[PDB]
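>>> what shape does this take:
(chains A, B, C and D)
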Amino acid sequence: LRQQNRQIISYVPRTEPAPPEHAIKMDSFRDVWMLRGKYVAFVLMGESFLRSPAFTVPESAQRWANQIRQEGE
Amino acid sequence: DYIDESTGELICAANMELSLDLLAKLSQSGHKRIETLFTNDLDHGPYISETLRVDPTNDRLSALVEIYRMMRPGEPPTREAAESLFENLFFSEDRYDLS
Amino acid sequence: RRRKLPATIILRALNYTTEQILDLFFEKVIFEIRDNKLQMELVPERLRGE
Amino acid sequence: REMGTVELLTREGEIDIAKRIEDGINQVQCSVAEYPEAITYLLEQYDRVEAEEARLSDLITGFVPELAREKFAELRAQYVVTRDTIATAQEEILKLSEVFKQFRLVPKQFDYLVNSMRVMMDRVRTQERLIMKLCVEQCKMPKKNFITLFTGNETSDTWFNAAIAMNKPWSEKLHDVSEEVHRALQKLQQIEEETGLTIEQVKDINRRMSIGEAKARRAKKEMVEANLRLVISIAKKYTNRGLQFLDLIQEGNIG
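Residues are numbered from 1 along each chain as shown, chains lettered A, B, ... in the order given. Here you go:
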């Protein structure tokens, strides 16, 4: 029989992520934010925030958000 | 840091940049109160946040391991040895005097 | 006078978490979510020198 | 770091290592007592002691002095009847070895027996390597055939005429080194006559005692590696007496 030795403690780096860029601009469209692809897909009604299905073309998302905001009080 | 109530996932960790996608994600999970840090560019410099970002340690144990490695390079760290070294460094009356 | 380490290492070794460190070394501003959801409190002395 | 890579023992491990050491020592003692040259050297040393050329102190380290003299006389009688009983020789050699093991000799005497055994086995193996070099590395005769016709005989012309007269184009060209083959055979015969025994049993004893020595060395190394910590702890207290800590711990390791 033997006796157990003291354990050796180690650790790992935190590997901090990279911040996003979020290069955006509001000229006249009000729905022309630039994130990726569709680039905008934003809508906010009521006390909570809801996520759009991210229509790739800007006009479709724009008028869908408009017609949603008109019917959504 | 804010965690989800359904799956218990970490929606956003402490001391990270907040963006549109992040706020949308943490607001679709049912959060109503959000607090940030008030930092200026000439009066309240955010050097603590930058130091935390640079810092690769995770917890007390990682900090103790790093301190032990810095103090005694080439020696395998031990929990008890590192704790004793930290206690004796500045919190021991036999080795520290502030008359 | 040994090799320099980040100043947060000793603070973490003092049994202090990231949230407590941020609380101690920074001020807190609360952002609400009412209609508009963009209605943060405004302390008057926070609009000086910027 | 190197010292802490290993872990200290317990009482049960110490008992097990001591038992292993005792078993290896007993095996080595049996292997070295099974030879008659040990008895021959014992009798020669006893005769030199009786001839006013030495002392009784370095003859036997106690017992396991008229009793010692009568035991030596009995050992001499057993050896002479063993040499006079050349199918009973093996049994009488075993009895002589048991009686020898019943005697507590001197470590220097045991080392002399061990190195004489090493000398004789080295001579035998040198002759064997000469034998294999004279035809395997010179006549270029086959490996498996060599093994088959050489395993066991090692004395006759089984490896001499077969390697030459086997109708291969490279076989009949070394009657010049046939003379060296005969000389090696004569040397082996002289060594065998001097020893009074065979060769395979000698090799068996040699590798058995080698295994025992290796086991004892492994156990001693384990004990030393376990007690390095105690050595350091004892050497801690003399660090300021004109000697270096490394020197002190090395001396402690030797102790």
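>>> give me the phi and psi for residue B:35.
In terms of degrees, to the nearest 10, the main-chain angles of residue B:35 are phi -120, psi 140.
>>> in stretch B:40-53, what counts as buried?
B:46, B:48, B:49, B:51, B:52, B:53 (16 or more other CB atoms under 10 Å in any protein chain shown). Using the backbone N, CA and C atoms, a C-beta is placed for each residue, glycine as well.
>>> contact partners of the helix or strand hosting residue B:49?
Take DSSP states H and E as the rule and residue B:49 turns out to sit in helix B:47-54. Residues outside helix B:47-54 that contact it (CB atoms under 8 Å, 6 or more residues apart in numbering or on different chains) are A:16, B:15, B:37, B:39, C:6, C:7, C:8, C:18, C:21, C:22, C:25, C:26.
>>> return the subset of these lying in helices.
C:8, C:18, C:21, C:22, C:25 (DSSP state H).
>>> so the second one makes contact with residue B:15?
Yes: the pair formed by residue C:18 and residue B:15 meets the contact definition of CB atoms under 8 Å, at 5.8 Å.
>>> residue D:176: which of the buried residues of stretch B:40-53 is nearest?
Proximity of these to residue D:176 was ranked by CB to CB; the top entry is residue B:53 with 86.4 Å.
>>> please report how far that closest one lies from residue B:69.
As judged by CB to CB, to the nearest Å, residue B:53 and residue B:69 stand 21 Å apart.
>>> could you point out the longest helix of chain D?
Assignment by DSSP H gives helix D:200-235 as the longest helix of chain D.
>>> now for the very next helix or strand once past that helix, which elements pack on it?
Under the assignment DSSP H and E, the closest C-terminal helix or strand after helix D:200-235 is helix D:245-254. Contacts defined by 3 or more CB pairs under 8 Å, 6 or more residues apart in numbering or on different chains; DSSP states H and E place helix D:245-254 against helix D:200-235.
>>> now the strands for the chain?
Since no chain was named, I'll use chain A. For chain A, applying DSSP state E gives strands covering A:42-45, A:48-51.
>>> correction: the question concerned chain B.
B:2-3, B:10-12, B:34-37.
>>> which residues are in contact with residue 26?
You didn't say which chain, so I picked chain A. When contacts are counted by CB under 8 Å, 6+ apart, residue A:26 touches A:32, A:33.
>>> nope, chain B
By CB under 8 Å, 6+ apart, the contact list for residue B:26 reads B:2, B:11, B:12, B:34.
>>> farthest-separated two in these?
Pairwise distances across the contacts of residue B:26 (CB to CB) peak at 11.0 Å, for the pair B:11 and B:34.
>>> I figured residue D:196 hits residue D:35, correct?
No: assessed by CB under 8 Å, residue D:196 is found out of contact with residue D:35, at 9.5 Å.
>>> quick one: which of those two has more around it?
A direct count of neighbours by other CB atoms under 10 Å in any protein chain shown for residue D:196 and residue D:35 places residue D:35 higher, at 24 against 15.
>>> contact partners for that one?
D:113, D:117, D:197, D:205 are the contacts of residue D:35 under CB under 8 Å, 6+ apart.
>>> cutoff 10 Å now
Going by CB atoms under 10 Å, 6 or more residues apart in numbering or on different chains, residue D:35 touches D:41, D:93, D:96-97, D:100, D:113, D:116-117, D:120, D:195-197, D:201-202, D:205.
>>> also residue B:24?
By CB under 10 Å, 6+ apart, the contact set of residue B:24 is A:41, A:42, A:43, A:44, A:48, A:49, A:50, A:51, A:52.
>>> mind giving me a markdown table with those and columns for neighbour count?
A markdown table is the format used below for those (neighbours: other CB atoms under 10 Å in any protein chain shown):
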| residue | neighbour count |
| --- | --- |
| A:41 | 22 |
| A:42 | 19 |
| A:43 | 18 |
| A:44 | 17 |
| A:48 | 15 |
| A:49 | 20 |
| A:50 | 14 |
| A:51 | 13 |
| A:52 | 15 |
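>>> show me the two of the residues you listed that sit farthest apart.
A:41 and A:48 (16.4 Å).
>>> near residue A:69, how many other residues are there?
If you count neighbours by other CB under 10 Å, residue A:69 ends up with 12.
>>> give me the number of residues near residue 3?
Reading this off chain A. Look at residue A:3: counted by other CB under 10 Å, it has 10 neighbours.
>>> that was the other one, I meant chain C.
By other CB under 10 Å, 8 other residues sit near residue C:3.
>>> and what of residue D:146?
Number of residues near residue D:146 (other CB under 10 Å) recorded here: 17.
>>> ok, it touching residue D:154?
No: judged on CB atoms under 10 Å, residue D:146 makes no contact with residue D:154 at a distance of 11.7 Å.
>>> distance from the chain centre to the helix holding residue B:49, please.
9 Å (CA atoms, centre = their mean, to the nearest Å).
>>> and for stretch A:19-35?
Averaging C-alpha positions (CA atoms, centre = their mean) puts stretch A:19-35 13 Å from its chain's average.
>>> one step back: and the strands of chain A as CSV, adding distance to chain C?
Formatted as CSV, those follow (distance: least, CB to the nearest CB, whole Å):
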stretch, distance to chain C
strand A:42-45, 7
strand A:48-51, 8
